[PDB]
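Worksheet: one structure, shown below.
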Amino acid sequence: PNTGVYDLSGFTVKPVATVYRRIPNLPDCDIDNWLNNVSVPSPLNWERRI
Amino acid sequence: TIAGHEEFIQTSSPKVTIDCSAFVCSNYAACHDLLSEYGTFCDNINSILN
Ligand SMILES: *[C@@H]1O[C@H](CO)[C@@H](O[C@@H]2O[C@H](CO)[C@@H](O)[C@H](O)[C@H]2NC(C)=O)[C@H](O)[C@H]1NC(C)=O
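Sequence lines, in order, name chains A and B.
Residues are numbered in the deposited numbering as their position in the first sequence, beginning at 1, plus a constant of 298.
Residues are numbered in the deposited numbering as their position in the second sequence, beginning at 1, plus a constant of 794.
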């Protein structure tokens, strides 16, 4: 090649450290705050939550 | 008497360089693979600006 000044492109990539804020809809149901309840009912009078 | 007045003549302009592949297909490799078949399109732009 000839005597000159050549513009040579360099690169950088970044795949890591995403953030993903979301502003979600409703508050979580918290099933596990009910399944870890203390007063467990017996098979005659089982409970149910919807 | 003697009168003075001034005038301005422009002799130059700002020198602008453009990295054509960074402008079109910034960091994304699929875009670079697609742009590689227009071929001699960014080189004509670079040579005109030089
Ligand atoms: C486990 O389930 C019971 C429901 O049987 C929850 O009991 C409630 O406790 C509050 C305490 O302030 C009472 O005012 C309510 O009347 C109770 N509900 C009923 C239907 O009796 C209890 O809170 C649950 N445990 C947790 C951690 O949520």
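In this text, a Cβ means the ideal position worked out from N, Cα and C, and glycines have one as well.
Which of the three DSSP states is assigned to residue i in this structure?
{"i": "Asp330 of chain A", "result": "helix"}
{"i": "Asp837 of chain B", "result": "helix"}
{"i": "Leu828 of chain B", "result": "helix"}
{"i": "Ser806 of chain B", "result": "coil"}
{"i": "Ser815 of chain B", "result": "helix"}
{"i": "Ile321 of chain A", "result": "coil"}
**Asked** Is it true that the stretch 833 to 844 of chain B meets the stretch 803 to 814 of chain B, where meeting means three or more beta-carbon pairs spaced less than 8 Å apart?
**Response** yes
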